[PDB]
Amino acid sequence: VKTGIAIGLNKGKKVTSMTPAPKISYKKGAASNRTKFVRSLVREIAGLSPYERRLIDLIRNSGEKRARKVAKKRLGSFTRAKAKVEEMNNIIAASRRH
Amino acid sequence: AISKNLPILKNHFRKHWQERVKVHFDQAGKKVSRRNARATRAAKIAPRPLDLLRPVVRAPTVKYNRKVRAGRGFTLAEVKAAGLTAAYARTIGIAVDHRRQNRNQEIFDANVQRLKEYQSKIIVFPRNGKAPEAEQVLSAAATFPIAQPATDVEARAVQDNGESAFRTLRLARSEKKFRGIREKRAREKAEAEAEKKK
RNA sequence: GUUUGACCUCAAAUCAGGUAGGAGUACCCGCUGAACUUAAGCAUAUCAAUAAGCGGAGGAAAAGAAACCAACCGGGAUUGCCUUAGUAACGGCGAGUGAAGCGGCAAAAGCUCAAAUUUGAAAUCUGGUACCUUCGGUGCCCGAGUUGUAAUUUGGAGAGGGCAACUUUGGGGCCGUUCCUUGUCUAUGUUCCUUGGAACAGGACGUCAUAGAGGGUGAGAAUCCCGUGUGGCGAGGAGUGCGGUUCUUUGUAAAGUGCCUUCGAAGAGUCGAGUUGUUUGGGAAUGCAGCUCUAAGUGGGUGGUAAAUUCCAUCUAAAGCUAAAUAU
RNA sequence: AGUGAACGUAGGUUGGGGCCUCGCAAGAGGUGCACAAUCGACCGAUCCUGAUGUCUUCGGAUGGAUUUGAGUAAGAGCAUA
RNA sequence: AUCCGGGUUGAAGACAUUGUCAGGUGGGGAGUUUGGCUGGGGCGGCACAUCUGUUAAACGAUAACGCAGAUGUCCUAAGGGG
RNA sequence: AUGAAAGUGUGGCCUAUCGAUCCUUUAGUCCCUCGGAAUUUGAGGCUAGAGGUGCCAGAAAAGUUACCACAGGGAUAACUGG
């Protein structure tokens, strides 16, 4: 909700701000139940890539802070290095534990 | 190659501009072509207007938001409100914009009655029954003009509290400039020490 | 080791039917690419993302229905003009260059695939042959194709299942009118005198005029001729804009609409990152390209100062079709 | 980022055409546009001053400064040649 | 004129090759520059930014590759006060 | 600061001893900006310095031509004449 003056925080005119319906474009990347099943199975067959093995090696050797430092040069971004090192932590958990 | 005392000019003529000078002698010749082009389109589209019913829409950019204006196409929300289909609307002479969405009740209601007033005034011919000869009204957008809604009255009473509207704007600006710095000076000295303290 | 038959990949033929070059190039889509010149010198800059060179189209081309603009009370494909603006920005921050959004207007119109089990029936398509009512149609026959051709779905949605009521539809033949290509017809002084080779010149008396545009005729001709003006009557094409108009008849099959319930696939050597080169007004990098790396699924891009943490807004990339306003 | 033009008769002073008054006229007196000099006042900037207050660090009243501006102070401009 | 495998034969081998980026070398080649004043240019010089005295003709100004010289520093004292 | 004070002192008793933009760096300030909204680095700004241009109002720069060239010049040399 806006205040009603042309400077400040919510700024400006107070109208009936209510309301739209949700766009079907906005759920573009929704896991779903196909792509979940297909991505789960295609990882079974097969082969976590050579860098994905190196990151697993570095997680179990020198923790993260080095997994990510190397992942972000291997991948492009820091946001991607984070999510990669996080999925590597999860496969480490799902495989090594029990 | 510098003035007596003259303004420093920026005349951008160091390319081969002489090879792409475009003089509009064709203005009068194009004007009659556009009028003939309109007359022939109205003969083709025989009993129907040349332009489709446009919706009302408030202009963006705070400089211009003070005035309303004929937007591109109504909306899937306004079409459903007025009581017709986004397919049927396009065919019987209403611009429908799949993109635009409604976040404003005054614009929504304005456009919804604008669809209801258009539906009231048109008389849609049946597919194969009979053609009743209705002489064509050319400009639909001239039949349904864009009314800039008058949002106040002539004169009123001074419902005064005396808060100095200058001092109101100046404090509102200060609240903006120190919103984050006060949240930081409230996260330390106020809390993060009280979180340990009894 | 043989018998015959498949399949896959690759061949051959003066094999049945087809298609490509070349020309032109004003305008259009690309690639490649200078120097003169400007800077009072000159190497970055500039000329110029121009000339030249090469590849490729059409009557237009390209673009185009958002991985857009914005920050608003928000706008809503594309192109063009007016404006923004000689501005924000760039730049030996010198010379010089230099956009975009909003706003008014011109014209306006939207859409298609991939990813789904038709699976109680490849429903699909080329070809050959015969016959017909021949830009095609039907029967039969070989082939394509399940390594996926049709019906359904395109994000605005939508699909499956459930319940409940309606509401709307197709084909051609025949003139008129429509758009082009032409043909023909449609008034008025050649009266008098004078100079002259000729009167189309001067003077007199008229005539027509919706025709005194223009040209011809032995000198300046509305009235001598062709035409001009105004209407008319023809013939020949392109016909779906409509009117009249008559055979049907699709249909037992397709479309929109409401409430519930489960779902709701959405494009990868790509996006993105580093680096090199180029380019841009785009400045810790605007686009493009090479090389190395190379994602994700509440995901990805963008939000014009690099990053980290936190939110927010806005779109939906890596697949595609599309007249007019514009150029000439 | 911002802020934003009247202490006064829109100021005082010396000039100032023209007009008004007394006059025969010489003149004196008054009112004085433009413009000129000058002293001020007002707006923004810079340097301080730092009231009532208060999300206790925000707010910046109030009054100064051999500082500063292509400013205000009964609008002159736009279009065309 | 022996059977089997249909790996033509023999070298070389994850080096080299090629691709991209990076350092060196690179008048073989490309582009361009190569002060000024000046008793012609050049060789000298600086009269090119400054300072003293004279030229300079008793206000000021005043030239020449006129004359005699000077500057690109030095000093917490060689500054300030007593 | 000095001095009892009057006072004198904004470098050298006086006349010389020095340097733009752009760039970089420093000093100042509870400053402004990074434009969807926050914080901290980071960058950018505002006011005053410094790193320098001696061709000193401040290009980034070696020769050679007797193979030579063009625009000019008697503003200027090599011959005559005065």
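Residues numbered from 1 in each chain as written, not as in the entry; some residues may be left out. Chains lettered and ligands numbered in written order. Part of a larger assembly, values for the part shown. Heavy atoms only, no water.

Its PDB header names cryo-EM as the technique used to obtain the model and reports a resolution of 2.9 Å.

A.B. asks: Can you lay out the overall build of chain A for me, pointing to particular residues and giving the numbers?
C.D. replies: Looking only at helices and strands, one finds 4 helices and 0 strands in chain A. Listed by position from the N terminus, the elements making up chain A come as α-α-α-α. The C-alpha atoms of chain A give 22 Å as radius of gyration, which overshoots the globular expectation for 98 residues (13 Å, by more than 25%). For chain A, the residues scored as buried account for 15% of the 98 residues in total. As presented, chain A carries roughly 8,100 Å² of accessible surface, and 53% of it is formed by carbon and sulfur atoms. Put simply, chain A has 26 plus and 6 minus side-chain charges, and the middle of one group is 12 Å from the middle of the other. (Helix = DSSP H or I, 4+ residues; strand = E, 2+ residues; numbered from the N terminus. Rg over C-alpha atoms; globule rule 2.2 N^0.38 Å. Buried < 20%, exposed > 50% of the residue type's maximum accessible area, 1.4 Å probe, protein only. Areas by Shrake-Rupley, 256 points an atom, 1.4 Å probe, with all protein chains shown as cover. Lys, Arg positive; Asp, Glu negative; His and termini not counted. Charge placed at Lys NZ, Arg CZ, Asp CG, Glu CD.)

A.B. asks: Describe the protein's contact with RNA strand F, with residues and values.
C.D. replies: Residue and element names in this part refer to chain B. The immediate surroundings of RNA strand F are formed by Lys 176, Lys 177, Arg 179, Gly 180, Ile 181 and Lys 184. Each atom of RNA strand F within 4 Å of the protein belongs either to a base or to sugar and phosphate, the latter forming 100%. The separation between a phosphate oxygen of RNA strand F and a polar side-chain atom of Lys 177 is 2.8 Å. In this structure, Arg 179 approaches RNA strand F through a side-chain N or O atom, which is 2.9 Å from a sugar or linking oxygen. (Near = heavy atom within 4 Å. Polar contact = N/O pair within 3.5 Å; in protein donor to acceptor, adjacent residues only side chain to side chain.)

A.B. asks: Can you lay out the packing of helix α2 (residues 50-62) of chain A against helix α4 (residues 78-96) of chain A for me, pointing to particular residues and giving the numbers?
C.D. replies: Residues and elements named next belong to chain A. Taken N-terminus to C-terminus, the directions of α2 and α4 make an angle of 75 degrees; their axes are 10 Å apart at the nearest point. One way to sum up the angle between α2 and α4 is to call them roughly perpendicular. Seen from α2, the contacting residues are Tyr 51, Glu 52, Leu 55, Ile 56, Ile 59 and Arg 60; seen from α4, they are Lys 84, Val 85, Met 88, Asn 89, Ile 91, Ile 92 and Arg 96. Partitioning the contact of α2 with α4 into residue classes produces 8 nonpolar, 1 polar and 4 charged. (Axes fitted to C-alpha atoms, helices over the stretch in contact; angles between N-to-C directions. Parallel < 35°, antiparallel > 145°, perpendicular 65-115°, else oblique. Contact = heavy atoms within 4.5 Å. Nonpolar A, V, L, I, M, F, W, Y, C, P; charged D, E, K, R; others polar.)

A.B. asks: Please give an account of the interface of chain B and chain A that cites residues and values.
C.D. replies: The interface is formed by 15 residues belonging to chain B together with 13 residues belonging to chain A. The contact between chain B and chain A buries some 1,100 Å² in all, and 64% of this surface belongs to carbon and sulfur atoms. Summed over the shared surface of chain B and chain A, the number is 0 salt bridges. The tally of links between chain B and chain A comes to 1 residue pair in polar contact. Within the residue set of the side of chain B that touches chain A, elements represented by two or more residues are α4 (105-121) and α6 (165-177) of chain B. The biggest single contributor to the side of chain B that touches chain A is α6(B), with 6 residues. Along the lines of polarity and charge, the residues of the side of chain B that touches chain A split into 2 nonpolar, 6 polar and 7 charged. (Buried area = accessible area lost by both parts, 1.4 Å probe. Salt bridge = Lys/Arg side-chain N within 4 Å of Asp/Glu carboxyl O.)

A.B. asks: Can you break down the pattern of salt bridges residue by residue, with the values?
C.D. replies: Under the criterion given, the structure shown has 9 salt bridges over all chains. Between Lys84(A) and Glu52(A) there is a salt bridge; the shortest N-O distance is 2.9 Å. On the criterion of sequence distance, the pair formed by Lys84(A) in helix α4 and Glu52(A) in helix α2 is long-range, its members being 32 residues apart. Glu52(A) shares its class with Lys84(A); the two are buried. Of the charged contacts, one joins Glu183(B) and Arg179(B) as a salt bridge, the two residues approaching to 3.9 Å between their closest N and O atoms. On the criterion of helical spacing, the pair formed by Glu183(B) and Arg179(B) is a turn pair, its members being 4 residues apart in helix α7 (residues 179-187). Each of the salt bridges in this network shares a partner with another, and the network as a whole consists of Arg43(A), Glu52(A) and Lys84(A).

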